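Sequence first, structure after, both from an experimental entry:
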Amino acid sequence: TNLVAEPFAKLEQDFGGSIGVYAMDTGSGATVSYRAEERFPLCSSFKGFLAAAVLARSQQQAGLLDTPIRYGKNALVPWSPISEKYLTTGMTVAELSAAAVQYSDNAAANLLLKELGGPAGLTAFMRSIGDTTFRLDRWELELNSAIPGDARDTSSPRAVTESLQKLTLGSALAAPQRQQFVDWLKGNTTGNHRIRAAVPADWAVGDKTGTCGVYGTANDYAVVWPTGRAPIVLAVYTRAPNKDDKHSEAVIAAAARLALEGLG
Ligand SMILES: *C(=O)/C=C/N[C@@H](C(=O)O)[C@](C)(C(=O)OCC(N)=O)[SH](O)O
């Protein structure tokens, strides 16, 4: 029997779907795991890893992050609030990366994907840091279909957490790039009702959300700095069997609370 898992099972049953959780205390090595190795759609949460891949490239290409990109209207797609705002201005690669992470800006994400060689290029980056689970197959907006049983554009909560740890706390990026990634995540604006709602108010959090919406599919991953202690890395993903099943932010927050409670 798995007593630790029981509250998660009750939560997903009330939600009407499946919840996947993995949390790591980087100080002690303690973990909390629930469906941690099952695949869930990434949805917009891929944009955090996208920004990390761009940062990695920026290490070998002088001034890449500072480079202005003068895109046109043809680059814009729905939910591109920052890209639309700066259309008449242009944006640097750093500004596009921050917009993709902090506002889930779609045009910015597609522009950066282009720079990396598309979804296959981002997947190759993830393989290069040892993530064999992550796959991105499509661009915005198509990658958000979240069809049950479709492995396209998916990862697992465990692989997401492991990769997030390597990029934000480990050595996958050079230190100034690691710090930029953390700072972008810390400035996210879309996650106030997810992992952030589960964390004591005095603890710093960097996160990236995803919300396919269809098939009850939404998620969040985060690095959490409890004031005195080593950081925690965690991922919470959901899905449900029917197209019109609603996602729930409250369920993601509740799962995150259980994960923090269950950690040593
Ligand atoms: C990331 O989680 C974004 C999810 N939904 C976005 C998107 O697809 O980028 C939209 C809000 C959306 O409508 O979902 C896609 C769709 N075809 O329905 S758009 O408006 O940016």
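The structure has been received and is ready for your questions. Numbers count the residues shown, from 1 in each chain.

Near the nearest residue to residue 30 once chain neighbours are set aside, how many other residues are there?
Using C-beta to C-beta, 6 or more residues apart in numbering and skipping the chain neighbours, the partner closest in space to residue 30 is residue 264 (4.0 Å). To be clear about C-beta, it is placed using only N, CA and C from the backbone, and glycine gets the same treatment. Residues contacting residue 264 under the criterion other C-beta atoms under 10 Å number 9.

can you check residue 100 too?
Residues near residue 100, counting by other C-beta under 10 Å: 31.

Surely it and residue 51 touch.
Yes - between residue 100 and residue 51 there is a contact under C-beta atoms under 8 Å: 5.9 Å.

Overlap of the contact sets of those two?
Each of residue 112 lies in contact with both residue 100 and residue 51 under the rule C-beta atoms under 8 Å, 6 or more residues apart in numbering.

hang on, the earlier thing: for the residue nearest to residue 30, list the residues it contacts.
Residue 264 makes contact with 25, 28, 30 under the criterion C-beta under 8 Å, 6+ apart.

go on, residue 239?
Contacts of residue 239 (C-beta under 8 Å, 6+ apart): 17, 18, 40, 41, 146, 148, 215, 216, 217.

How about the contacts made by the residue nearest to it when sequence neighbours are not counted?
Excluding its sequence neighbours, the residue lying closest to residue 239 (C-beta to C-beta, 6+ apart) is residue 217, at 4.6 Å. Residue 217 makes contact with 40, 41, 43, 146, 210, 211, 238, 239, 240, 247, according to C-beta under 8 Å, 6+ apart.

can you tell me which residues contact the last one?
The neighbours of residue 247, taking C-beta under 8 Å, 6+ apart as the test, are 211, 212, 213, 216, 217, 218, 238, 240.

now, which of those residues sits nearest the ligand?
Distance to the ligand across the contacts of residue 247 (C-beta to the nearest ligand atom) is lowest for residue 211, with 4.2 Å.

what bridges to the closest one?
residue 218 (DSSP bridges).

Number the residues from 821 up from this point.
Noted, 821 is the first residue going forward, which turns the last one into residue 1031.

Can you verify my assumption that it contacts residue 1038?
Yes - Residue 1031 lies in contact with residue 1038 (C-beta under 8 Å); the separation is 4.5 Å.

Comparing those two, which residue is more hemmed in?
Set side by side, residue 1031 and residue 1038 show more neighbours around residue 1038, with 29 against 20, by other C-beta under 10 Å.

what does the stretch 971-1084 of the chain put close to the ligand?
Residues of the stretch 971-1084 of the chain found near the ligand (C-beta under 6 Å from any ligand atom) are 1030, 1031, 1032.

Make CSV from those and add distance to residue 831 to it.
CSV is the format used below for these (distance: C-beta to C-beta, whole Å):
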residue, distance to residue 831
1030, 19
1031, 19
1032, 19
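
nearest to residue 907, of those?
Of all these, residue 907 sits closest to residue 1031, with 24.3 Å by C-beta to C-beta.

tell me the contacts of the closest one?
By C-beta under 8 Å, 6+ apart, residue 1031 lies in contact with 863, 864, 1037, 1038, 1039, 1067.

Let's see that with 7 Å instead.
Contacts for residue 1031 (C-beta atoms under 7 Å, 6 or more residues apart in numbering) come out as 863, 864, 1038, 1067.

biggest separation within the residues you listed, which pair?
864 and 1067 (12.2 Å).

Now this protein against the ligand: closest residue?
Closest point on the chain to the ligand, by C-beta to the nearest ligand atom, is residue 864, at 2.4 Å.

how would you label residue 1001: helix, strand or coil?
For residue 1001, the reduced secondary structure class is helix; criterion used: DSSP: H, G, I helix; E, B strand; the rest coil.

Excluding residues flanking it in the chain, which one is nearest it?
Using C-beta to C-beta, 6+ apart, the nearest residue to residue 1001 is residue 872, at 5.2 Å.
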